[PDB]
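The structure appears right after this line, and notes come after that.
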Amino acid sequence: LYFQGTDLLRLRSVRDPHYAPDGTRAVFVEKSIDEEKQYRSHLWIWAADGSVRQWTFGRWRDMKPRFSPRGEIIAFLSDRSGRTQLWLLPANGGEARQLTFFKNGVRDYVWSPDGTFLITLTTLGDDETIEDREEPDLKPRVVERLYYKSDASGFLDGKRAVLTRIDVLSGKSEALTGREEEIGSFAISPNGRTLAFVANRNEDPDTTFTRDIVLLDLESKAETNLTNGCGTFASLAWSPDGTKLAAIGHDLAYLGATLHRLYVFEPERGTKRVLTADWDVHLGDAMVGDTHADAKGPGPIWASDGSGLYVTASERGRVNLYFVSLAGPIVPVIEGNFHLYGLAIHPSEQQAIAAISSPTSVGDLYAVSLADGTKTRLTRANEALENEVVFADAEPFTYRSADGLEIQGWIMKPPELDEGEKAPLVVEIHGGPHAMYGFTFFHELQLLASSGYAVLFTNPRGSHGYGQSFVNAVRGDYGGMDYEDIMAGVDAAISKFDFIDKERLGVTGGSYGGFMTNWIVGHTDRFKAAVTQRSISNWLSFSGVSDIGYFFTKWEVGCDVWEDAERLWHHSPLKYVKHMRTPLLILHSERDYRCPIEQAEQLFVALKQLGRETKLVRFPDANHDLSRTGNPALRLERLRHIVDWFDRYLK
Amino acid sequence: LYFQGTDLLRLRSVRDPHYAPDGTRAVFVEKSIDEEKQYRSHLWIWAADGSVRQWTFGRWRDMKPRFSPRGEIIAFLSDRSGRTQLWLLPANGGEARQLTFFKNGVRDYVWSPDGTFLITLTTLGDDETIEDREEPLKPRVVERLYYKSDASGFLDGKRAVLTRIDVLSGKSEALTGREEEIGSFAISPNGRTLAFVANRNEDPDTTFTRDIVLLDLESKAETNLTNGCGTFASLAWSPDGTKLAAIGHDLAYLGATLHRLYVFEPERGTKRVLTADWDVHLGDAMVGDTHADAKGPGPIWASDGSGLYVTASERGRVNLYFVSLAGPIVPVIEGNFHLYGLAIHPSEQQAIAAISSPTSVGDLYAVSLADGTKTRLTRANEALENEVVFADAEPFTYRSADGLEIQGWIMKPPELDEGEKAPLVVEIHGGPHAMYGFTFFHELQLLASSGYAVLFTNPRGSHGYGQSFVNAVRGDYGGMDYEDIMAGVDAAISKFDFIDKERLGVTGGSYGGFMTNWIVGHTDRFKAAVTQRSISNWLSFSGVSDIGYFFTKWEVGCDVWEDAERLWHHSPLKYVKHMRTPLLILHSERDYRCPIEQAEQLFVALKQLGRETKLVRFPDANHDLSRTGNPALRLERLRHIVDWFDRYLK
Amino acid sequence: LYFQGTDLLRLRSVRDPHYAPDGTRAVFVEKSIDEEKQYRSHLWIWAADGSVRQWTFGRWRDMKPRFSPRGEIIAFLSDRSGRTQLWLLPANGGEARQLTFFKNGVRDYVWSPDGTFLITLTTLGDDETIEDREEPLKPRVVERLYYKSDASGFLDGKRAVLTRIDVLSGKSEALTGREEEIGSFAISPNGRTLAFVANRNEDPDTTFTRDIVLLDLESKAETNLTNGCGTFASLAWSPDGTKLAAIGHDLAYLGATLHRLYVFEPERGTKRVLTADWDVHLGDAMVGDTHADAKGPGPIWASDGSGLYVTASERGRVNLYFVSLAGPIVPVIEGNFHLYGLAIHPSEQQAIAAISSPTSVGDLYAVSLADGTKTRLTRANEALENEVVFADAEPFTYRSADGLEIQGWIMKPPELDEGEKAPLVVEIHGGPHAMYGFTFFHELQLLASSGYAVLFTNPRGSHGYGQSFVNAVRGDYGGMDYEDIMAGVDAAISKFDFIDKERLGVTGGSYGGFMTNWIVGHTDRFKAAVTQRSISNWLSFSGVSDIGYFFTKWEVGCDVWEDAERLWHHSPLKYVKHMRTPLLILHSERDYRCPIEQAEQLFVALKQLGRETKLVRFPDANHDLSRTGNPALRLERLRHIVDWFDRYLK
Ligand code: NA
Ligand code: NA
Ligand code: NA
Ligand code: NA
Ligand code: NA
Ligand code: NA
Ligand code: NA
Ligand code: NA
Ligand code: NA
């Protein structure tokens with residue numbers, strides 16, 4: 001059989017494994033789409049005997065399972081009550097009981113190291129308290145700040161974030177922080193004395209982007225600022241002995257292009273070290289895919305002896321595991337042409353459980369030898385699909401751009417192509433721009449290959465995966481060399497793979513990739529069909545309408561509207577609409593507030609004004625993340641409009 | 001004793017009079033707001049003994065009453081069924097019965113001359129027929145430029161059908177095909193020919209001529225009377241049926257073109273423009289916030305056929321004129337007022353006029369056409385007009401920077417005493433091809449009642465002053481129009497001692513919002529500004545507004561792919577760095593005439609630059625909120641405007 | 001502190017224990033009322049380490065838990081889906097999953113001995129199939145005698161089907177046809193045979209024998225094991241599968257027939273009634289208002305197959321005995337208490353008993369089968385029992401008018417110090433073939449708490465005292481049963497000095513409401529009376545009660561077309577002219593056991609004759625209101641009873 005659009009309904013994404021404290025079993029999450037085309041996620045257990053069994057079952061989403069320090073309770077988050085709350089499932093028998101009842105639910109939580117309580121993140125309006133509980137003429141809205149809406153949740157009310165202690169038995173709640181403008185990552189020390197959390201303590205929170213690590217003495221209730229504006233940080237992790245705190249962070253020297261590095265602080269000594277300051281590699285997961293997108297990645301994990309940290313890193317299309325010792329060495333431990341998107345490390349052994357995806361493998365758990373870098377399959381969560389349907393592999397190649405710069409790309413061949421045949425080529429361009437295509441499972445790409453298209457996808461400069469200079473190169477040069485890198489790849493793929501039909505080329509891409517799709521068709525006539533998605537066409541309006549417009553444009557394109565309007569206009573695809581003579585399908589969602597739908601309307605109207613071939617498809621109620629986590633029926637429709645457009649105009 | 005915002009809930013708009021065919025009585029409409037803050041409208045009869053009595057009563061809207069040619073039935077439109085439908089009320093006893101049950105309701109109707117049927121306008125999806133009746137996830141695929149309207153939101157592209165409805169049986173029969181768009185329609189006195197305006201262009205959204213089609217009722221054959229020579233509305237057959245009159249123009253000046261009176265003689269295949277040499281716009285261009293949806297009369301032939309009575313807009317007035325076929329034109333109901341409704345007696349030189357003025361909300365008057373003397377027939381705002389003191393609007397003229405004469409009006413706070421001065425608020429109307437004038441304006445009374453002197457003017461671009469004056473703004477946005485307004489502030493300061501020249505505010509909506517934004521970016525004399533349903537960025541406007549694909553070109557001068565720097569130069573956002581006046585930005589979420597992104601861009605740039613500004617966003621409201629939107633929201637908009645000036649001007 | 005009406009909301013009823021197969025732990029059920037005054041019930045686990053742990057938690061009812069043969073799964077019934085369905089809970093980790101989705105739910109289930117399937121009982125209309133799933137005018141034509149039930153109103157004639165449900169897939173398969181009725185059922189330990197009790201009579205409503213049918217699970221072939229010899233319940237196969245135990249009788253005394261232990265040997269075609277010569281009623285006849293719907297044990301085989309553990313009702317006690325296949329019957333668990341749930345260890349001489357007594361609501365106990373000594377395992381009412389003073393029930397005996405010995409019990413109000421006297425309330429139990437005794441009774445505590453001495457006795461007609469005593473009421477309603485109760489009142493006054501002989505009240509429900517009505521028409525000794533869900537007219541009862549078409553004949557002695565005057569002579573309404581006791585009449589609108597027309601006739605006749613009476617009608621409740629009905633209505637009913645005695649007794 002061959003991949004169909006409806007196969008996205010069968011996909012199952014295992015993610016987020018965590019060991020029991022005895023290291024003999026692990027809990028993890030399986031996200032699926034059910035018969036009613038709704039998302040569900042449930043907890044599963046990998047057991048010592050190798051059995052993999054489901055432990056939660058309802059028409060809801062369970063997430064973020066963590067074993068208590070004793071191992072007797074699996075804490076987790078679930079939306080089964082109508083909001084996301086913290087529930088408690090016994091590890092040895094019995095159903096889960098609901099622990100928290102916040103009106104606004106729970107975003108995140110940690111266990112206390114003594115297991116008597118958990119620390120949960122909730123949010124409160126100024127008129128609300130932690131005692132307010134979930135309860136499952138007209139007024140204008142007054143806006144007075146720059147950051148007043150988000151793609152994730154629309155109009156904001158400015159609720160403040162609160163970390164609360166929740167007693168494991170009684171459920172009694174007690175605020176630990178004040179009402180914070182924003183709380184990010186948080187973590188309590190192994191001795192239970194200190195709560196570290198990332199906060200926005202700036203006087204103008206919307207326009208200043210440093211983020212401070214704040215330490216809270218639980219007993220004394222006193223807070224000390226560990227960073228005092230030296231950067232921004234995430235994924236905090238205390239060392240086993242409690243004397244060091246690790247964080248992923250950076251100093252914003254290249255704004256959103258800045259490489260994320262491993263920091264280690266010594267709170268008692270007041271000092272910090274950037275362990276990977278001399279390793280030109282971006283820590284974390286920049287990988288672009290449409291499966292596992294919401295999966296909880298692992299931050300840095302200390303080695304049990306406190307000698308260093310296992311970190312994932314994004315290089316050359318791979319997300320792999322490395323060990324950064326405090327003494328200096330940086331060594332690979334789990335390497336290969338794949339996407340490591342979930343990780344649990346054994347409490348004592350040189351062993352790990354890793355969730356790994358590749359172009360021909362949706363995603364599964366593997367036991368990994370930390371010392372020898374080999375793995376053994378634990379799960380086969382997509383067995384029928386992988387046993388029935390042929391997957392196209394993604395073959396990497398490199399090419400030189402117009403200035404000699406080496407670029408990396410990948411090609412997939414239609415698995416129905418017999419020798420001597422040529423397929424039309426679809427170029428996929430990834431968003432960000434500081435993201436990374438690579439060795440992960442991509443249903444859209446499979447669908448295109450199965451529909452008879454060769455698929456090219458590349459990492460033009462501006463991508464992550466190739467170090468600080470490469471990811472930064474696109475800033476201020478939107479539509480310059482980034483655009484040459486992609487067109488060099490088209491030419492390079494044509495010359496390197498004879499199964500490509502040079503006369504039948506298409507291009508598609510979303511967000512930045514949508515900006516670049518629009519840019520392309522206004523600058524070359526080489527393509528017979530183009531599909532732009534969640535795209536940008538006018539940087540001037542983008543700044544004032546996008547939920548991040550008021551800093552993104554400046555950060556990426558180079559300036560604000562009142563600084564250099566004509567530069568913004570010159571880098572706007574709409575400027576080149578007179579040149580556009582390629583049928584252009586414009587896909588956009590009504591509630592996409594990252595790229596406002598006015599971006600799509602402007603381009604569609606100018607093309608229609610000029611008598612050009614174009615069509616605008618508006619997806620209701622969806623946002624920018626539609627293609628990854630939006631309504632599954634609309635994901636099907638989006639894929640069908642893409643494929644039908646190339647079918648009409650490439651075939 | 002002085003106007004308040006909540007007084008808008010008290011306002012009653014009497015409108016749309018129509019004589020019974022014997023001339024002895026007349027039916028009209030009264031629109032109001034009930035204690036649930038909801039719009040109702042009901043039918044009323046003026047009965048010659050002088051009595052005015054209510055004839056419909058429920059929690060619904062009755063509209064457009066018309067007596068049958070025999071006078072025994074009053075037809076009207078009502079939404080009481082849940083959609084607007086044609087009902088019939090006996091003229092001498094009994095309640096109304098529903099006549100039409102169309103799934104998509106009725107937009108408009110006319111009586112047949114014999115009274116046995118009525119012609120109704122409905123709309124049908126491609127999958128629908130005239131037989132479908134009213135009855136109580138997939139992406140949207142958009143393939144055309146005109147895919148949404150401020151009035152309806154997203155359009156489904158139903159086509160228009162005119163259907164004959166038998167008066168006794170309600171049986172329906174389609175007369176037209178499924179038209180892309182049907183405007184005015186009228187049936188000839190002999191009942192044989194239906195004339196209607198249609199969009200017969202191959203690219204309907206980008207071509208703005210509209211054709212008069214003549215449809216032989218018996219054969220259904222059609223002839224195109226106009227073949228693209230302009231655009232037309234308000235059809236009216238002569239009494240002998242040999243001539244067809246219409247209001248129209250040839251688009252020579254796009255949206256600024258004067259509307260003129262045309263007469264067609266279908267049998268001779270000739271046409272003539274009867275007001276070609278009269279430099280006055282026919283129709284009603286008046287700006288107000290009361291009587292906004294009141295149906296205007298349309299041209300009325302003299303019984304003998306020697307000419308037509310037409311309303312027309314000039315110098316702040318909407319008056320009634322007689323245009324003789326030979327050329328001469330007389331005012332026949334004139335005065336410093338707004339004639340917003342009209343019926344002419346069947347056999348006499350008498351009329352019923354709905355008339356508003358700055359100190360009179362609006363009432364019906366019996367008018368002798370021989371001399372223009374009036375008798376009041378209604379007093380629909382008696383309580384409010386007896387308790388609340390109204391500020392008059394005093395007209396004046398002044399010269400602009402280049403000498404051109406401009407007309408304006410000043411309002412002084414009624415509670416102001418001899419020596420005292422009040423801060424001035426300048427109001428700027430939208431359009432721009434509209435006309436401030438002598439009409440009741442609740443919002444202007446509220447500003448006066450709040451202790452503000454109120455200046456409002458007709459800068460060039462306004463209607464009311466001839467073809468050159470109304471066209472002058474096109475291609476010169478923020479040029480001489482801005483000068484006219486500033487010259488008005490200066491002249492007002494000079495001429496009127498009660499103005500406190502040290503406290504000036506400015507506010508306006510739509511084009512008036514573009515202009516408020518323009519003003520605070522080009523001068524700092526105002527200590528406060530409120531911009532409403534405004535424009536800040538012409539480049540995004542063209543692509544997002546429901547009419548942006550022609551308005552920017554028609555009015556600013558070009559499309560973004562022709563001259564983007566010219567659009568930018570006239571965009572108020574370009575000048576945001578100069579902006580030092582506290583700017584309250586009012587905008588509605590579902591305004592698609594001026595999309596909310598215009599306000600959002602200006603808000604963000606001002607906040608980025610640390611300037612004083614707030615963004616107030618009205619849910620579910622569209623561009624017409626201040627006139628016909630949710631009354632509670634209308635209250636809130638008025639409060640937000642007055643509060644901003646109170647904060648920064650007092 | 002002492003008992004209040006609202007304490008019924010705090011009561012928790014532990015019930016229905018079952019051992020895991022390794023005997024180290026037992027699952028049970030706890031029924032409670034939550035803060036919404038709704039009933040909940042959840043699974044709990046007791047383990048041999050002493051821990052008592054709650055295993056389900058949601059806003060619903062879980063019940064009937066049973067470990068699978070290997071003990072890795074706990075099957076149980078839950079209504080959380082909106083219908084009662086079979087759910088599976090992992091025995092050692094993980095949440096429950098729903099196994100069945102019948103549109104009509106599941107009434108009962110058993111495990112396959114090999115653990116791979118379960119057999120569930122569902123019901124189906126004639127147009128339904130087992131494939132129909134839960135999905136969360138017309139005149140009604142009635143053609144049979146049993147056309148409605150107190151439990152479920154008008155019956156739709158759904159037929160019962162036993163279906164095999166695969167554990168893994170949930171794939172279902174009908175095993176039986178559509179049965180007129182299915183009662184007990186059991187799968188033999190080798191998996192080859194399903195035993196179930198069916199109504200196989202040609203006229204099902206009027207013939208009351210019930211057959212044990214044997215069904216070969218492979219072939220679905222069926223055999224009738226009993227062929228009309230009686231009626232049967234509580235089937236249990238011997239460990240080696242050669243014998244089938246049942247609780248049954250041959251109806252020789254109709255509803256008064258003692259229930260006995262039968263043991264069949266299907267292959268030999270033989271049977272023994274092993275308690276035929278033991279004049280004791282097997283099962284639980286106890287009267288109480290707590291634990292009402294708790295699942296009793298049924299007969300349990302000794303692991304070696306040598307005999308059966310049976311509960312029995314005797315002299316106010318529900319106690320445990322052992323019946324050897326070799327003949328002897330010996331006590332096992334004995335005392336002045338109510339054994340209302342029981343599980344016996346799968347291999348050792350130990351049991352888990354749920355035990356109630358007048359001063360203990362109900363808890364679980366480890367019991368030694370060797371000597372009967374017990375250790376407390378739960379304390380589910382600890383706060384309540386720590387805080388409120390319980391009044392004990394002191395038993396006594398007395399002789400009736402003909403010398404027959406009767407057993408009764410008295411309760412002294414806790415707040416009553418030595419020397420002081422209290423008015424007496426006589427409670428009369430229903431049935432009549434039931435048994436007052438040593439069980440917790442919230443209503444009786446509340447009466448004691450409210451300052452009333454409480455007398456409750458077992459007149460002839462009661463169970464607990466042999467075949468002759470329980471049979472004695474039939475054909476003698478209001479005769480010696482009434483004498484027994486009156487003699488109990490005299491005896492209590494004579495023996496218990498704290499009774500104020502001048503202030504006597506009486507109350508009772510169903511049969512005891514008939515008796516209350518009888519009493520007040522035959523004696524004026526009582527100053528207050530409260531009759532509940534009662535009977536006043538045996539003639540109409542026959543035709544309107546859900547069981548009237550046989551109860552009256554069976555109990556009162558004849559049908560209305562046999563001897564109407566006998567029915568009238570025994571109808572309390574016949575004596576209404578004699579009634580001089582203020583009578584509160586309590587009845588529910590949807591009681592179809594005792595229809596509300598019974599209450600209305602007595603009310604009307606008393607009012608016609610000017611007597612003191614009030615009628616209180618409970619909406620939406622049925623006959624079982626006082627035990628399992630709407631908690632708020634249960635409080636209202638207790639409230640009205642106490643208020644009536646407070647008004648006339650104190
Ligand atoms: Na997989
Ligand atoms: Na209607
Ligand atoms: Na004038
Ligand atoms: Na344009
Ligand atoms: Na300014
Ligand atoms: Na108890
Ligand atoms: Na009874
Ligand atoms: Na008898
Ligand atoms: Na009842």
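To find a chain, count down the sequence lines: A is the first, B the second, and so on, and within it residues start at 1. Computed from heavy atoms alone, side chains included, the values below leave out hydrogens, waters and symmetry copies.
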So which of B:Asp620, B:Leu609, B:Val576 has the largest heavy-atom pair count under 4.5 angstrom toward chain A? B:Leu609

Mind checking which of residues 533-543 of chain B sit less than 4.5 Å from chain A, heavy atom to heavy atom? B:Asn537, B:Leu539, B:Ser540, B:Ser542, B:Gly543

Proximity of residues 548-560 of chain B to chain A, residues having a non-hydrogen atom under 4.5 angstrom: B:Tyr549, B:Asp559, B:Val560

Please classify the contact between A:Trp562 and chain B as side chain, backbone, both or neither, with a heavy-atom cut-off of under 4.5 Å. both

Do A:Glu566 and B:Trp568 have side chains that approach each other closer than 4.5 Å (heavy atoms only, starting at C-beta)? no

Quick one: what part of B:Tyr575 sits under 4.5 Å from any heavy atom of chain A, side chain, backbone, both or neither? neither

Validation row: A:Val142, B:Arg617 side chains within 4.5 angstrom (heavy atoms): no

For the NE2 atom on B:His522, are there more than 12 heavy atoms of other groups (residues, nucleotides or ligands in this structure) within a distance under 6.0 Å? yes

Would a 4.5 Å heavy-atom cut-off, applied to side chains only, mark A:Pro140 and B:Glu636 as touching? yes

Take A:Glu598 and B:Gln601, measure what side chain to side chain contact (heavy atoms under 4.5 Å, CB included) needs, and give me the verdict at the end. CA-CA 12 Å; A:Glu598 52 86 19; B:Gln601 299 184 56; 6.0 Å; no

Within the structure provided, determine whether B:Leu145 and A:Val605 are in side-chain contact (heavy-atom separation under 4.5 Å). yes

Among residues at least two apart in sequence or on other chains, which ones pass side-chain hydrogen bond (donor to acceptor under 3.5 Å, both in side chains) with A:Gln533? A:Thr508, A:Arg638

Under 3.5 Å: donor-acceptor pair, side chain of A:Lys608, backbone of B:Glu143: yes

Distance col, row A:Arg145:CZ vs B:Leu615:CG, nearest 0.5 angstrom, shows 14.0 Å

When only pairs under 4.5 Å are counted, which of A:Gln599, A:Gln609, A:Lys615 shares the most heavy-atom pairs with chain B? A:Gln609

Tightest non-hydrogen contact, residues B:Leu633 and A:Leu138, listed as CD2-O, 3.7 Å

Heavy-atom check, side chain of A:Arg141 versus side chain of B:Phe618, under 4.5 Å: no

Has B:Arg627 got more than 12 heavy atoms of other residues, nucleotides or ligands less than 6.0 Å from its CZ? yes

Residues passing the side-chain hydrogen bond (donor to acceptor under 3.5 Å, both in side chains) test with A:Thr210, sequence neighbours excluded, are A:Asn202

